[PDB]
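> Questions regarding the structure given below will be posed in turn.
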Amino acid sequence: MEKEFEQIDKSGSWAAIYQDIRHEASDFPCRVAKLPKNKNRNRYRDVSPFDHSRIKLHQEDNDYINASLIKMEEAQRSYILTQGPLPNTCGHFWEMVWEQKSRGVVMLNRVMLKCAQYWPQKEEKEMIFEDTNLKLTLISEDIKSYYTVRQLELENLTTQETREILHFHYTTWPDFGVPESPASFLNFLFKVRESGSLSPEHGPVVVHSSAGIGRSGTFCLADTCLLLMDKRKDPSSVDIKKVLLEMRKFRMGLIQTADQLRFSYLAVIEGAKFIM
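With the UniProt record's numbering applied, the sequence shown covers 3 to 114, 119 to 282.
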């Protein structure tokens, strides 16, 4: 399957292959995302959850967040892909994490102005979201060369229940851009895996980036292809293009560039050297 990459790379036809996928992509209504009232709940006019797959906040007021549940049946893995929270939607965001029983949050964009800072910078400075009634405290953070992992405590003030959330932040990935190498990213991925944040025991991990489509789509596409190869009887059968289009049924626009598409291949290619 490496060869297929070799065929596109040598052809230098990557832009075309990305366009094929785009044409072949799903389309579904986005009636709620487009509601006049939800206008400021979306970071981008051009990026919206399909109505069928959108996550619903369970609190009475309004049930809308710009998030999509991606369900991959064969791989038995689920992802929530969402836009980087707006200053108004932080409360909503944390509510979705509580309600969906998520143990992990994967962030693939730098704060630089792509996304609000929705988590506590200091332990001493915990956050309260009065709209959704959630208190968030930063327990601990470990900073590394390529990424940061933080341990947070999200407490539902209503129920006085507590949950430990692990925050995984890839800090070296530029917007609309690709990391210099797949291994740094793959290492990031296994760290996320190792933590169990992707276990079926827990709710679907929340993955986000600025738009919640390109960087995030790469992370999810990569993990799934690699999962499939492990699970499957013949690993050679796994087709990235097939996998990407299945995900795009759940959320529009996953993987935004030809450059991202090439990277997913490289990452998946390098990733399965490891698994194998």
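Beta carbons: idealized from backbone N, C-alpha and C, even for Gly.
Are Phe182 and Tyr153 touching if we call contact CB-CB under 8 angstroms?
No; because the gap between Cβ atoms is not below 8 angstroms, this pair is not in contact.
> Please classify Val249: does DSSP put it in a helix, a strand, or coil?
Note: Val249 maps to helix in three-state DSSP.
> Looking at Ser215: is its Cβ nearer than 8 angstroms to the Cβ of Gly86?
In this structure, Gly86 lies closer than 8 angstroms to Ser215 by Cβ.
> Within the continuous beta strand (DSSP E) that includes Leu144, where are the two ends?
Run containing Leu144: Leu140 to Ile149, per the beta strand (DSSP E) assignment.
> Got a sec? Which residues, its chain only, sit under 7 angstroms from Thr138 by beta carbon, not counting five neighbours each side?
Closer than 7 angstroms at Cβ, skipping near neighbours: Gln61, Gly93, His94, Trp96 and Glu97.
> Would you say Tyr81 and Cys226 are within 8 angstroms of each other, going by their C-beta atoms?
It is a contact, given that the beta carbons lie within the stated cut-off.
> Work out the CA separation of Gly220 and residue 116 for me, nearest whole Å.
Residues lacking coordinates in the chain include everything strictly between 114 and 119, among them residue 116.
> Kindly indicate the opening and closing residues of the beta strand (DSSP E) around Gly106.
That run of the beta strand (DSSP E) goes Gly106 to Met109.
> Is any beta-carbon of chain D found at less than 8 angstroms from that of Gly209?
Of the protein chains in the structure, only one exists, and it is not chain D.
> Is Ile67 helix, strand or coil when you go by DSSP?
In this structure, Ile67 counts as strand in the three-state DSSP scheme.
> Between the segment 65–79 and the segment 154–173, do three or more beta carbon pairs fall short of 8 angstroms?
No, they do not touch.
> Please go through the same chain and pick out, in chain order, the residues whose beta-carbon is closer than 8 angstroms to the beta-carbon of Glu132, but skip the five residues on each side of it.
Contacts found: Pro126, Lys141, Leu142, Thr143 and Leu144.
> If we call anything under 8 angstroms between Cβ atoms a contact, is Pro31 one with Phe7?
No, Cβ-Cβ distance for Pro31 and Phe7 is not below 8 angstroms.
> Taking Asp245 as the reference, give the member of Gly223, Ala264, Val274 and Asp265 with the closest Cα.
Comparing Cα-Cα distances from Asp245 to each of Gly223, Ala264, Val274 and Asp265, the minimum goes to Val274.
> Going by other Cβ atoms of all chains shown within 10 Å of its Cβ, with 16 needed for buried, is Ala18 buried or exposed?
Exposed: under 16 other Cβ atoms inside 10 Å.
> Closer than 8 angstroms by C-beta to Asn40: which residues in its own chain qualify, once you throw out the five before and the five after it? Chain order, please.
Closer than 8 angstroms at the Cβ level, and outside the excluded window around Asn40, lie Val34, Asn64 and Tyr66.
> Note the first and the last residue of the continuous alpha helix (DSSP H) segment covering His208.
Unbroken run through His208: none, as it is neither H nor E.
> Nearest to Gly106 by CA position, among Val213, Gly277, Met282 and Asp240, is which residue?
Looking at the Cα atoms, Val213 is the closest of the given residues.
> Grab me the residues of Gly218's own chain with a C-beta within less than 6 angstroms of its C-beta, minus the 5 sequence neighbours each way, in chain order.
Cβ within range, chain order: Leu83, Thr84 and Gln85.
> Please report the straight-line C-alpha distance between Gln166 and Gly277, rounded to a whole angstrom.
Approximately 41 angstroms, taken between the alpha carbons.
> If you run the structure through DSSP and keep just helix, strand and coil, what is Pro51?
Strand.
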